[PDB]
Every structure is written in C-alpha cells, then in structure tokens.
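Q: This structure is in structure tokens; I'll ask about it shortly.
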Amino acid sequence: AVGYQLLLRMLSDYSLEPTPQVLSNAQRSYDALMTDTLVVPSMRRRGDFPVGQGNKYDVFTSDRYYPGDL
Amino acid sequence: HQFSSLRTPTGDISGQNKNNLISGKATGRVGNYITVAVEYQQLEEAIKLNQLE
C-alpha cells in the first residue's frame with residue numbers, strides 16, 4: 001500500500017501517466033489497509049435516560065439514570 | 001488565688017509586707033484549618049457512584 005501510494009504521488013516527477021492496472025492494484029491495497037485499521041464507534045445513552053426498575057437501582061446499583069457521557 | 005501567713009508572738013504586722021493581690025489568666029486560641037479537597041471528572045465519578053456518598 002505504501003509503495004503504490006508513493007508511486008502515484010511520485011510519477012509526476014518523470015511525467016508519466018499511470019496505467020489502469022496500477023491504479024486498480026493501488027486502490028485495492030489501500031482498501032485493504034483501511035480495512036485493517038477500521039474502528040466503528042458505539043453510541044451511548046444520553047445521560048438523562050431512565051434506568052428501569054428491573055436493574056434493581058436500590059441495592060445492586062445507585063444509578064437511577066445512565067452516566068452515558070464519559 | 002493563693003495566700004501566705006505571718007507568725008509573731010504578738011500580732012504586730014506593722015512593717016512586714018501584707019499579701020499582695022495578683023491575678024492570672026489562661027488564654028485559648030484557634031488553630032489552623034482541617035481541609036481535605038478532591039478534584040475529578042464528574043461524569044467518570046457518576047459512572048457507578050451516585051449521590052456522591
């Protein structure tokens with residue numbers, strides 16, 4: 001991926017137009033690289049959202065509402 | 001107060017010094033502050049610790 005990106009950014013020095021196969025290889029490698037380091041954030045409760053009676057917020061927890069902000 | 005006494009065959013107290021009256025004092029003062037303080041991020045504090053108890 002690094003090599004293909006460098007080649008794409010450097011070919012202009014020698015005034016050479018890249019061929020479609022090199023472009024396809026570069027974009028495929030870049031897609032793999034971005035796939036490797038992908039993280040999907042997870043949303044959290046608002047903070048004033050109630051916590052139901054089923055959670056036993058008397059003795060099991062003190063939370064009447066979610067903190068949900070951090 | 002405390003006092004002393006003179007012993008004489010006849011009670012001539014003519015030249016002997018009589019008990020003098022001196023008053024004392026006992027002062028009380030104030031000390032320093034007993035201070036304990038904390039700082040924190042309130043959302044992290046309220047993660048599982050409510051009412052700040």
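By order of appearance in the structure tokens: chains A, B, ..., then residues from 1 within every chain, and ligands from 1 in the order shown.
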At most 10 Å is the cut-off: for each residue in chain B with any atom that close to an atom of chain A, write down the nearest atom pair and the distance in Å rounded to one decimal, counting only C-alpha atoms, chain first then increasing number, as a tab-separated table.

A:
residue	atom	partner	partner_atom	distance
B:41	CA	A:70	CA	8.6
B:42	CA	A:70	CA	8.7
B:43	CA	A:70	CA	5.3
B:44	CA	A:70	CA	5.7
B:45	CA	A:67	CA	9.1
B:46	CA	A:67	CA	6.1
B:47	CA	A:67	CA	5.4
B:48	CA	A:63	CA	6.6
B:49	CA	A:62	CA	6.4
B:50	CA	A:62	CA	5.4
B:51	CA	A:62	CA	7.9

Q: Can you tell me, as number ranges by chain, which residues in chain B count as helix (DSSP H, G or I) by DSSP?

A: B: 42-45

Q: Go ahead and compute the interatomic distance for atom CA of residue A:43 and atom CA of residue A:56, in Å to one decimal.

A: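 Rounded to one decimal, the two atoms are 23.8 Å apart.
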